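Chains as they are written, first to last, in our numbering: chain A, 2 to 100; chain X, 2 to 100.
All residues carry an ideal CB built from backbone N, CA and C; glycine is no exception.
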Ligand SMILES: O=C1N(Cc2ccc(CO)cc2)[C@H](Cc2ccccc2)[C@H](O)[C@@H](O)[C@@H](Cc2ccccc2)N1Cc1ccc(CO)cc1
């Protein structure tokens with residue numbers, strides 16, 4: 002749909018059988034989720050943001066449903082304060098920025 | 002303009018007589034820019050990111066031109082690694098998210 006930016010653009014996602022809300026985030030290259038239970042194997046990474054770097058786990062080929070749309074991609078799970086959906090999956094759902 | 006998200010959504014801004022590039026960042030409530038010289042009054046502030054917190058200076062009523070659109074608002078200046086335009090200015094230029 003179209004979403005204006007007067008409030009945070011949150012969406013519901015379903016991931017790993019669980020329902021969460023996430024922020025649509027054009028500044029983020031990748032998707033980063035708060036720590037959660039996910040099968041099964043993963044690789045450690047660092048990411049940097051404002052504030053500094055964090056260490057995260059990388060899971061590839063995870064299925065996520067963002068609104069009704071399915072996508073498969075990498076997710077990073079880790080100590081984020083907020084679930085962020087970045088450009089790796091925003092492109093899959095066809096999201097654009099328009100002004 | 003419409004921007005797809007296959008690459009980072011960067012724009013040119015003019016602020017304070019200087020020309021910069023900045024990310025359009027729907028996840029950011031506010032705008033924060035790397036250290037640069039602005040004239041005038043500011044207040045200290047601290048913002049939290051992935052990774053932690055930074056201390057930043059808040060300047061109010063700063064004119065920015067983003068693409069060919071002028072906006073006025075608060076900018077936070079500080080040690081961010083990248084300049085981000087957040088929703089406080091994104092609403093002023095009429096930016097929407099569309100999927
Ligand atoms: O750290 C932030 N990252 C860091 C980040 C890095 C990597 C990924 C995955 O690849 C995801 C997020 C982004 C901005 C940024 C990108 C690259 C380098 C430096 C900064 C993000 O794009 C922005 O949306 C918020 C996301 C966010 C929002 C709330 C709480 C935590 C995280 N932030 C922090 C931020 C907070 C406040 C303001 C001003 O109000 C601006 C930014």
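- Per DSSP, reduced to three states, the secondary structure at residue 84 of chain X is coil, with no helix or strand assignment.
- By the Cβ rule, the stretch 5-17 of chain X does not count as touching the stretch 12-20 of chain A, because fewer than three pairs are nearer than 8 Å.
- Shortest Cα-Cα distance from residue 81 of chain X to any of X/3, X/29, X/19 and X/8 involves X/29.
- In terms of side-chain proximity, the C-beta atom of residue 29 of chain A is found nearer than 8 Å to a non-hydrogen atom of ligand 1.
- Per DSSP, residue 61 of chain X is one residue of the beta strand (DSSP E) stretching across 53-67.
- Shown here for residue 25 of chain A: same chain residues with a beta carbon closer than 8 Å to its own, the five before and five after excluded, namely 4, 10, 11, 12, 86, 91 and 96 in chain order.
- For residue 22 of chain A, the enclosing beta strand (DSSP E) has its first and last residue at 19-25.
- The alpha-carbon of residue 45 of chain A is positioned some 37 Å away from that of residue 100 of chain A.
- Ligand 1 approaches residue 85 of chain A closely enough that one of its heavy atoms is under 8 Å from the residue's Cβ.
- Counting the other Cβ atoms within 10 Å of the Cβ of residue 73 of chain X gives fewer than 16, which makes it exposed.
- Listed along chain A, the residues sitting closer than 7 Å to residue 50 of chain X by beta-carbon distance are 50, 51 and 52.
- Classified as buried, residue 31 of chain X has 16 or more neighbouring CB atoms from the shown chains inside 10 Å of its CB.
- Contact note: residue 99 of chain A reaches chain X through 2, 3, 4, 95, 96, 97, 98 and 99, using a C-beta cutoff of 9 Å and chain order.
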